[PDB]
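Below are two forms of the same protein chain, given as structure tokens: structure 1, then structure 2.
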Structure 1
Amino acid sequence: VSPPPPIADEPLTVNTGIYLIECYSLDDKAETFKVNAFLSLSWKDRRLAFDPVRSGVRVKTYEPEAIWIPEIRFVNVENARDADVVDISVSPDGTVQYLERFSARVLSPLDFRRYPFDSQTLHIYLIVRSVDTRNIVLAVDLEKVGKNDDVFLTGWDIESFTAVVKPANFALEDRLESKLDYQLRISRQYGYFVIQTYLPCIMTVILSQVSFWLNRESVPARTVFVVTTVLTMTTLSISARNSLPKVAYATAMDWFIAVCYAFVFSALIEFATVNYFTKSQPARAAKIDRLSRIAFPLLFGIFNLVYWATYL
């Protein structure tokens, strides 16, 4: 079969709508998420029109093989979606209403700069390619767009699911392409990380500062403190970066871990300095420890104040 003829020289618009049923498997490392939703299309094929009075039927349903149906494709997807046609109902005037349920693995990049205080805008791009008989354009039926109430992305807050009404039509390989942009905005729930990374870092800084209260003569103890806290800092750094894709930039968590490492390494340099001035000039070492015991936790407290105040 072939596309319906134009009543003049006008483009055929397909009213689209997506209703999210299930939303799962948001992969930060793969920058993909799995979706299972309704796809609804609606166009006008006057060849299928009929008299509502002579025909005692009010709708009349067809099978996908019976009538022409537009080839609608997703762009930012890994494999072609798995779709099951739910219903096809033509109107007495020829208005075809098509409804399927599909599942797909969507590939949408994420911006981890404000991670884990980041919000994302996942994109689902519909697209249709014009035929030689007629140009096809996509539209948005807001009545057919939405998401179920029990849709959940564990670890995220789902903000909204909308669509950009004005489609992007463009030339591609000598044919017209019409693209729609469905947008799922979310905001990450950072609490999980506060006890996953932020607490080990803060407690490691505190543990490193405890060394300033040990006697300056007991070198091995303070050495254990400093060294173990520095290595612990490095381990937390790598471990934390192992959850993200190979992004080139640095996240907010990256900055917090970096400042913590600065404090711990500062405690190391301090321990080395004091140990260097212990035999000769014991007054200097005593002053260094005495001042550090007040400055370190103070600067650290101010830092946490500015940080959590900023990212919350």
Structure 2
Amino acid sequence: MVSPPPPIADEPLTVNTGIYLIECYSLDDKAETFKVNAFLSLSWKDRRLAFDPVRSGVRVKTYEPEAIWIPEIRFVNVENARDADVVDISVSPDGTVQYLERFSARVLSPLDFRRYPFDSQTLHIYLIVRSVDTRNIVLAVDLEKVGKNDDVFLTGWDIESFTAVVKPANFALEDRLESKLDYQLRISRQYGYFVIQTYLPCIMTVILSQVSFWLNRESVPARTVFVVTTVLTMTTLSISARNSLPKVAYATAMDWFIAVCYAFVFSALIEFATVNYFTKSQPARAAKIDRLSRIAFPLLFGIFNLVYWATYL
């Protein structure tokens, strides 16, 4: 068929849209994608479908999608076209069509890892419709039809809210008007997992590097094992940790924590080398170095942790 002609002859047809989240899963940090399963509801007026509720013995009447004109509604930030099962189509005597489908889709939405793993994100789902030559078509948001099931979970996140920006973006694209709505799922990451995956190994590796200051300065190999293994451990943890993220250009909050831990451990190595350098000549100097280090290192590290955890929580 063709689109409903305008009664005002010059009026845009608006399609009232709503999304109801049923299932939300597979939030992939590295791919910056997530999978969503929801209701899509569309509503518009096609007076061609009007009918007498009495002559037609039905209060509503229901159609197959093949029977009537339906707006071509597409998702933008999706990998493939969604998979949809039309659920219901109900017309009113005045021509008001209420369309309901259930869809699943792989949404592509970029993440801001700067504050990671203390990050919040806005996942976006962009709806769009392209105007035909006979009529311009415009999207709108029916707030009654937006929401999400209570049993919606992302197994590592707190889900804040699912809302829609009511005023759409209308613009020209290849000589036709396109109309775009922005559905926004706000989430904030649950960082605790990482505390025992990365932060604790880091803190313990720093402490372990500091244990070397209490070993006798003459047992040089022992202190060597301490200093060297803690340096290699920091390097391994650093690489491992950045392996969870996409190849982002910037540095994360975890990056800063790991880099400072690497600073403390490598400084313990430099301290061991200096102390070893002054042990025969000027043993008083070496002894003073260890005496001060045993207090300074764990103090600067404690203060650092205070500023860090105070800041990012």
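Residues that one form lacks are left out of the comparison. For clarity, a rigid core is taken as the largest C-alpha set superposing within 1.5 Å between two forms. Here, residue number means position along structure 1's sequence, counting from 1.
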Is_shifted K246 between structure 1 and structure 2 (CA, 2 Å cut-off, rigid core): no
Displaced residue check between structure 1 and structure 2: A283, CA, 2 Å or over, core reference: no
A66: Cα shift of 2 Å or greater between structure 1 and structure 2 (core-aligned): no
For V57, CA displacement between structure 1 and structure 2 after the core is overlaid, in Å: 1.4
Core-aligned CA shift between structure 1 and structure 2 for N169 (Å): 0.3
After core alignment, residue runs (3 or more) whose Cα moves 2 Å or more between structure 1 and structure 2: 1-8, 52-56
